[PDB]
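Protein chains in written order, with the authors' numbering: chain M, 155 to 205; chain D, 29 to 485; chain F, 29 to 485; chain B, 29 to 485; chain C, 24 to 616.
Structure (structure tokens):
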């Protein structure tokens, strides 16, 4: 039981580190990139209308 | 009368209030060439015209206009096949003009004798991934969604070469009995590829059966948009008067969309979301209108529009609006292309919502609609299992999922893959579907009624 | 005539059509104040002007004009060394009266006798972090890209105090042959920041060999845009007449861009993407052209502009335009600062286009460039491997990888860490690099030829 | 007397400049239908009018206009209550005249006497989740942020209908010596919903405690924003002159916001992000200014606005601006409604920032504050425990997690869940709380003073 | 009268339009095109012209008719297909020889040759009369002779003339009303403005459930006659199949099918399919057709028609409502109407401010909605009529964040989900309890309690099984399965059963033509009973695996339920499901010990 416990904890430890460092910041950066383009399409339109 | 001004490529005429709407006017320029333009709008003591040849040369006081008195209409013959035209139907080979037996309107709004009988008989394009999954019916318009990073021009080409070689397969199926003719319209496409299209018609031996309208990007914007309307009108004449099965292949919608966009930069009409006109929908719908079973119900026009996504996403204005007007969509994808697949067709967002009703057992089989339904569910799981496989490890896998991972690859590399010259029987397609499904027990199936399954599996 | 209206910093003047473009006019206010302005637009019996002084408080018929009849030019002199100015060329600390020996108009193009022979000599500040990875040639422009929460001011200060001590050492090597002068233009910065820069020039003994132009943010937005340009006109004069290498430090670029943006959303032009100007590029381009060797070929203008991202991204319209025009960038990072590394300049994506050109063999080794290629590769892979170490542990970390982990630490704490009075030289930097690089086997070190490798491990 | 044009909701009437701003005008039609409207803008020989009923169908010559001479104000009275009104405050009850005692402005402020004295003294809603855990004291404005995935109207009614049955119970403990009145404002409402509120009130016998104003959604947008403004003014008069504690229920702020975004279609006023005004702040503020302690301070006007997220986005502009202004917020989530808990207020991110400031005694107990800390912290931990249980299993879980789990199920199914016609007074709520918390020993209860903990476990 | 100022797109501008209003019917040009003055700018009127331009010149006359643009509702509406401007499509096919409307061709709003049998009302001479009171009735079909001829909304007076029973035309006058002097003579047809909500005696709260005929739609949140509903689409997920399928399966006295701006193939399908198939009301000789009045617009026809579509359609539901007929109006898809509105917004040149979409859009969507509902029929004899609006919503850009959907959810009280991932997997229509709500629920389950069922109890448990499954699935994906509680496994398993039997059904259930409430209740009742017995069974001790193996025979039997049709027990209560409960109880006995 010990030897197995020793192997499984090593895998569970890698997964926490992976989701924390890689996954979450990728979701932040991608969201942001798209946000910045997106708001500008709505704004420029209003300026076009006004002109 | 005379030019007051020119604003962008749009030319502002000052003129007296008499012209027809969409009336051709001829602008006399001092350079030995007279050109035609069409009043885009008629207004109070002025009209704004975009001139169909060139974009420069208009002068203030050195210009003369004379009103033709006749709005543009396409002069139509059913002898127009076996001729090479440009975007105005003028010859480029000197000699073969459109000519006429009748004169019909470019919008096709006067005649519109489209049958109130829903797509009926089967059509194939000889590509298994198309035929089985999103099955084409005559009069059905289902778009080809592509993305650039692709040999998307090669996929269009493949379909053009394949169209008319399918037709003896279809005669035998009894989803065709009558002549097959091709109407081919080119907008903003490369030089090399224009020679590929001519060459594909030549091989087939359907050069006589086809009309080519060739329009480049160095030919004007307004003139680009007219081109498919000429083509379309001629197809409607083919379908109605002589009860033919007409396939018009209309490439490239994206080029057509830009052209619309460049205008309205001096019109009073204002542009909506993402700088696209709000009546862009209206423009697409005029093109799309000639498509459907004709009255006589022995002819039809089937329409295949070719769209390359210029940005790659499907929520971009060009694809988003089109998908709505049409009944389903067909997705080509970059990812398959990368592995080294041809024709690379992803089927997961691909669905045609009028597929089941059109088709029946007499030219397909009853299991055609069931066997397709099974293959989507299994492919979908295989795709999610793959994504999870990367992140967490093989910890989130389960027995069904491991089987699904293999299924994905099996399907991708045997089913979807085939040569350019290759064409496929629908009945054949269906035995290859069953084969892939043979690696799963039957208790795990549920998108097929147990009666149906027992017969063909 | 007199003032019809003012809409923001635009002033609507009614006056006749006789003035020239950028002709100075003077506004007589009834408040006992005169304000100067320059014609941005001339129209049919009216002009639209941006005033350098004030931004508001402009009347109708109380306010009158007299036109100067003279276009906007800078009295550029060479005995301008050691004198202190503001953002218009008035003294604020009682530096010597401007005089005149030549007048040059500001247009980003005085006489423009910029480069058609590229730079090839080397300038070192004694900073390894900068010099090795980014080889600064005698008329290249490499900006400093930093972000908020960093001491960008402090690094700009390192350059200014350490320059003018390293340069005579470099004079003997034939890296230099002539004196150095610094022309510092500050834009839109705090009192506290402005004093810091002045403190650095006093402290060294280069207050007599520097020109200082101070613009604060509470001085008009129109004054702020003229400030970098004024500095640059002067800079070209010193280069021309007395043949010195002029280094220009133009800080801060974001402040300048905020000024342009207010004069583009208050203009009758619609601005580009993210509400940032459509000719924002152009405005930036004006500075940047004014780079390279100046006639007599022994003076030059070299540029380091200082940018702080106000939104922490290279996504933003300022970094992306800036980086295209210049030839490299020197990148500073947040992580390194937090840890206790000064200067905190990271070397991960810092890049020099004209690296090859800048290195020589009559004042630098030829191995500067070869060894650079190794450091950039090794550091880059090493940083990425470390993040990877965190995730995986030691179950996908090799022996070789352990060695990359050691190279990374050592590079950070030695190569990048040096105090703000520590002076290096190129030969020392190479020697220290060679040592770090030494633990790697021969096989590993593969982007540098065997001839070089074998001699120096 | 001559309608110039109609451009959407906005109507241009051409008649002289002698009217004042927001003066009601009458459009007299040959249909015998008199419609009143209010001038939005007045300009030289034209005014721009939004008609309350309809907005189009007026002739350009067969019409006349008359000016009332009175700007819009509400006839306010204490005998007005217990009656159903439209969005202009005109009976639909088929009851008598509105009656006046004063005419008070509905423009945004009547006299604005909003105190510089902070909230104390409990106002009871009769919902356990709100009252104990998020104590609202008079003058505070705490919104309910709900979604369309919840039954927002039904929860809103619940707050009104159970409110004011709390009051005899308060009078005995001596919280309230003066009476309690409800002002209920319904916006852009569906017909079933308008009727629903009256029926609920009738059932409890809360009908004559409240006045209901219904504006229906077929009624134009301008009427709709006027509705809460009418309500809020009536309330400020009852609260000031006859000293009563008033709870004002305003649903739906999202429909009010839409109206504001909606008007602008000939104005030279541009909106901000997502199409919603840059001045969306300003409009919110307007409702918000009537809310707080009245002068004399035993009466108050207490405001609970109800905001519906249409797409579950907390980064949606409507909630964000509001959230900054408001003294906390109540979050209601879809998840709990799904388990079948009703009301389904998750008290997980809900907060009252002046929680301590409200309670006392005589309408609360001393032990109220300590308990609020025990239950929130234990609950949060309960959610975390549910996720862990799924993973570890039931036969491998911790003691501390097991307790936290037990608490989650009881907490949800007893404290939050209450019946439609079951009133939950604050004294009643606090007892149910001790039963839930009892399961933890005294050793695990510690955000409670040992004095309390010894009284009640 | 007026002289054309400019023709820009199919929009015509005309100067010299005075004593004109803003909804006027006009004849545009020398071509005499049907048209309407939408707005006016000073003297210059901006007119939307409902036939295309291809040759209409400037300076041609514009003649105002002296009245608004209205639609005609008379007899013969049933068993005929019209367009959205409402000119008979069928009559167009013979005479013009063009199946769809030709340019420059005009045809009046209804057929003027058709003769109808008039039978007298409940009025005689010299009687006081009012609006929506029944002046007669016309035997309109064979299924229904329920077509009441009414005095129009907004009419009162005394009837000077009552004509006797017989055969007449619908142009041939039969009624004179005198109010103050001659009000007008009346005929079988009556006119109604498509821009006003039709008058009503009172609106009443909805409380009578309609059964959709789809077990899944009734099960989670019941439909009501008088209500409002959204069904999500995506334009390739078989949204059409379920729309047309609902229409057949739902049972009302009159049904109005409104194709807003459609494929043209899809419209064609319904036109063909309905006389071929049968009603569940025993309809004969073109069964379904006799019950439907059909509004057909394709997107390829003019944008004006497509604006007009919804409005004509709602007025038709409303006309029948006043007669005391209960109506199902299925309008598909409301997002295409919004796309027509975005088109108008840019063609006139009005400001868009609803995310690149119209100013008016949010309010126009609400205005359409408020015309639907349950009511006491117009006129004093008192009848019940209702209109349930089923309005399809689908993307106009984003997935639910498009303007259309955001507005519609605000105003709708019933929402039934449709997930895309399950659509591609074939498990449509998929109703997700998070993406679904009904505010009508509480009055509806109390209604079903009166009818016989225990229904409210089953609802809570149905919700609980679906609800926990979504949360446990998120732990399954990330962590994996190596453990998942005995109780948690059970919930997952049973939720699969609910998907397969209910949620999946559309040409996969051999009985689906109309499904009673009792049968739905009986089916769900077996699922819930299996659930409670199972969770108790693991807790009182018995392995999860032994419990799967012994339940065995019954578990399959509930899996197979969906194909089964009423053929045992009553006509709505089914014995195979009743038998099932008792056998279940026996399985629990084997399984615990």
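Positions of the beta carbon are idealized from the N, C-alpha and C atoms, including for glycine.
Taking Cβ positions, are residue i and residue j nearer each other than 8 Å?
i	j	result
residue 387/D	residue 150/D	yes
residue 209/F	residue 238/F	yes
residue 547/C	residue 485/C	yes
residue 76/C	residue 33/C	yes
residue 291/C	residue 220/B	no
residue 379/C	residue 199/M	yes
residue 272/F	residue 206/F	yes
residue 123/C	residue 324/C	yes
Under 7 Å Cβ to Cβ from residue i, same chain only, skipping five residues before and after it: list those, please.
i	result
residue 77/F	39, 41, 53, 65, 66, 67, 68
residue 22/F	The requested residue 22/F does not occur in the structure, where chain F is confined to residues 29 to 485.
residue 467/C	232, 245, 247
May I ask you to report which of helix, strand or coil DSSP gives residue i?
i	result
residue 67/C	strand
residue 59/D	coil
residue 360/C	helix
residue 140/F	coil
residue 267/C	helix
residue 100/B	coil
residue 331/F	strand
Going by beta carbon distance, what residues of the same chain come within less than 6 Å of residue i, once the five residues before and after it are set aside?
i	result
residue 484/D	395
residue 334/C	217
residue 90/B	58
residue 462/F	484
Sorted by chain position, which residues of the same chain lie with C-beta nearer than 8 Å to residue i's C-beta, five sequence neighbours on each side aside?
i	result
residue 573/C	610, 613, 614
If I'm right that residue i touches residue j with Cβ under 8 Å, what's the distance once you round it to whole angstroms?
i	j	result
residue 79/C	residue 49/D	5 Å
task = Using a Cβ-Cβ cut-off of less than 9 Å, list which residues of the region 193-204 of chain M approach chain C; keep chain order.
result = 195, 196, 199, 200, 203
key: Contact residues within the region 405-439 of chain D, judged by C-beta distance below 8 Å to chain M   = 419, 420, 421, 423
inquiry  = Any C-beta of chain M within less than 9 Å: which residues of the region 488-500 of chain C qualify?
reply    = Along the region 488-500 of chain C, none of the residues has a CB nearer than 9 Å to a CB of chain M.
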